[PDB]
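Trainee: Sharing a structure with you now.
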Amino acid sequence: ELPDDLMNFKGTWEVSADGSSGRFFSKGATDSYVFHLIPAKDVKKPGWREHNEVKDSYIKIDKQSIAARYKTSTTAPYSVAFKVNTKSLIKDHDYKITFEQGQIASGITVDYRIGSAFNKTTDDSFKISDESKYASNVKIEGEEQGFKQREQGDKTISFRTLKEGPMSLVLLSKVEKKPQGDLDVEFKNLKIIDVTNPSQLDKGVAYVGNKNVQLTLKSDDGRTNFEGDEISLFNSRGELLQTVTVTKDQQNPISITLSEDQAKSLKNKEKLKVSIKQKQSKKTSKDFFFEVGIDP
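Numbering-wise (my numbering), the sequence shown opens with residue 6 and increments by one.
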């Protein structure tokens, strides 16, 4: 089934509103970005909102899109960046960001990064290089990161979280020479889903008359936090004995407690079945099997 969309984009510059987006600029297009102020009286107004008093860049947000405009008054190199926040993510889970790269004016180059969530203050700041604190194995499908004149269209970004909690999609653009006219860049239809593969059963231990079933989990893609993995244990006749959900960084072995009747019903060398469902990504493993052994 359909995994939940974890993007928190409500299309507003109102700093305290739910799902508001971060707005920043980098004088000289460096690693460091500071907040992009706009006139206080116009913060909820639709259309192009000027960089307060300086008016070198204008910004525009709505329910579907986020956009930047570079004016002739810009001192080049100069960069505007946006932060599109996510809902709380799980540590060591795999995610898939999708969005559409809209118009890119001639002279504008674009980069896509993962970052900390916009902290909902006019004092917020960030560094591009902060990416390595939040995400690993970041990959734009069929493209490299860094400022480039990208093709317009559907974009896919996959990554693994190094932390728990909200993060952001960082939409960066810049100009390297003084604009000769209004230069617009737009991003739209922003989504993020969990794509974590469920764990695999490495080994299972069960004994006749013993209520404690010990399951050892493994992973083929280097995942160590099995949090959210729904483990179902069945007897050889296909009857469900018990279901457990793995907690945050729960270490091996994962314990399953049977009832006294279930423990007595086990037979020596019986083949038990294990099915694992990743709760967030909705992906389900292949069937795994192990034998009920002899109680030492």
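We put the beta carbon where it would ideally sit given N, CA and C, even for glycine.
I believe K88 touches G120 by the beta-carbon criterion, under 8 Å. Please report the beta-carbon distance rounded to the nearest angstrom.
Mentor: Indeed they touch by this definition, with Cβ atoms about 6 Å apart.
Trainee: Who are the near neighbours of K68 in its chain, counting only those whose CB is closer than 7 Å to its CB and skipping five residues on each side?
Mentor: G16.
Trainee: Just to confirm the assignment: which complete beta strand (DSSP E) runs, minimum length 3, are found wholly within the region 8-66?
Mentor: As far as the region 8-66 is concerned, its whole beta strand (DSSP E) runs of at least 3 residues are 27-32, 37-40, 62-66.
Trainee: On the CB-based measure, 16 or more other CB atoms within 10 Å of its CB, does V39 come out buried or exposed?
Mentor: With fewer than 16 other Cβ atoms within 10 Å, it is exposed.
Trainee: Put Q267 into one of helix, strand or coil per three-state DSSP.
Mentor: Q267 falls in the helix class under three-state DSSP.
Trainee: For a test of the three-state rule: what should DSSP assign to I145, helix, strand or coil?
Mentor: Residue state, collapsed to three classes: strand.
Trainee: Is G170 near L94, with beta carbons less than 9 Å apart?
Mentor: Yes. Within cutoff.
Trainee: Out of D266, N230, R242, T127, which has the shortest C-alpha to C-alpha gap to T201?
Mentor: Comparing Cα-Cα distances from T201 to each of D266, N230, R242, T127, the minimum goes to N230.
Trainee: Compare the C-alpha of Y100 against each of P8, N240, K276, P301 and name the closest.
Mentor: Here the closest residue by C-alpha is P8.
Trainee: Keeping to the same chain, check which residues put their C-beta closer than 6 Å to that of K160; ignore five residues upstream and five downstream.
Mentor: Closer than 6 Å at the Cβ level, and outside the excluded window around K160, lie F104, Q106.
Trainee: Would you identify the three-state DSSP class for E169, choosing helix, strand or coil?
Mentor: Of the three classes helix, strand and coil, the one that applies to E169 here is coil, per DSSP.
Trainee: Tell me which residues share the same chain as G158 and place their Cβ nearer than 8 Å to its Cβ, disregarding the 5 neighbours each side in the sequence.
Mentor: Excluding positions up to five away in sequence, the list reads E105, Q106.
Trainee: Near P184, what residues of its chain come up, given a Cβ to Cβ distance below 7 Å and the 5 sequence neighbours on each side ignored?
Mentor: These residues qualify, in order along the chain: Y75, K76, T77, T79, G112.
Trainee: Roughly how many angstroms lie between the CA atoms of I299 and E6, to the nearest whole one?
Mentor: Roughly 40 Å separates the two Cα atoms.
Trainee: Going residue by residue through the region 98-164, where are the continuous alpha helix (DSSP H) segments of at least 4 residues, counting only ones entirely within it?
Mentor: Entirely contained in the region 98-164, the alpha helix (DSSP H) runs reaching 4 residues are, in chain order, 136-139.
Trainee: Taking buried to mean at least 16 other C-beta atoms within 10 Å of its own C-beta, is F294 buried or exposed?
Mentor: The residue in question, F294, is exposed, as its Cβ has fewer than 16 Cβ neighbours within 10 Å.
Trainee: Hey, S130 and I66 are a contact pair by Cβ (cut 8 Å); roughly how many whole angstroms apart?
Mentor: Between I66 and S130 the Cβ distance is about 20 Å, and since that is not below 8 Å, they are no contact.
Trainee: Does DSSP classify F231 as helix, strand or coil?
Mentor: Looking at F231 - three-state DSSP - the assignment turns out to be coil, as it is neither helix nor strand.
Trainee: Please go through the same chain and pick out, in chain order, the residues whose beta-carbon is closer than 7 Å to the beta-carbon of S290, but skip the five residues on each side of it.
Mentor: Result list for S290: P203, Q205, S280, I281, in chain order.
Trainee: Going by DSSP, what residue range makes up the beta strand (DSSP E) through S84?
Mentor: Segment 83-90, the beta strand (DSSP E) holding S84.
Trainee: Taking Cβ to Cβ, would you say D207 is nearer than 9 Å to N142?
Mentor: No; because the gap between Cβ atoms is not below 9 Å, this pair is not in contact.
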